[PDB]
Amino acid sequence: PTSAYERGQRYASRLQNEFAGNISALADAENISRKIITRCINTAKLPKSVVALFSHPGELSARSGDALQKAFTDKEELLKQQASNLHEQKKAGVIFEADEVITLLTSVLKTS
């Protein structure tokens, strides 16, 4: 289907410049749960540099995207860095699937 990220991207535009920011209204004219608009929109708030790490945008879950976006609130720069500082390894041939991508990012927020 359509990647949560790209879904959110659209939900966002829709919500902002067509719905006055009333998410109730947006989730109604899409006949979908308010919380869905939310997860998606949230994921879409991640740097496009993070969606890339995944082979396919569809690899990033709406749940895991929303989760990552929260985990890095007021820590945007760390995310961006830890992403590009992880993209360099990707270019160097280094490969990891979606599952780990999300893990290697929240890693810099954990002790070991």
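Numbering starts at 1 and follows the sequence shown.
Participant: Averaging only over Cα atoms, indicate whether 98 to 106 or 5 to 13 has the higher B-factor in the PDB entry.
Facilitator: Taking the mean B-factor of the alpha carbons in each, 98 to 106 is higher.
Participant: Mean CA temperature factor from the deposited coordinates, higher in 19 to 27 or in 86 to 94?
Facilitator: Comparing 86 to 94 with 19 to 27, the higher mean C-alpha B-factor belongs to 86 to 94.
Participant: Taking the Cα B-factors listed in the entry, which of 39, 45, 56, 34 comes out highest?
Facilitator: Highest CA B-factor of the listed options: 56.
Participant: Consider only the C-alpha atoms of the modelled residues in this chain, order them by B-factor as the entry records it, and name the third containing residue 73: lowest, middle or highest.
Facilitator: Middle third, going by the recorded CA B-factors of the chain.
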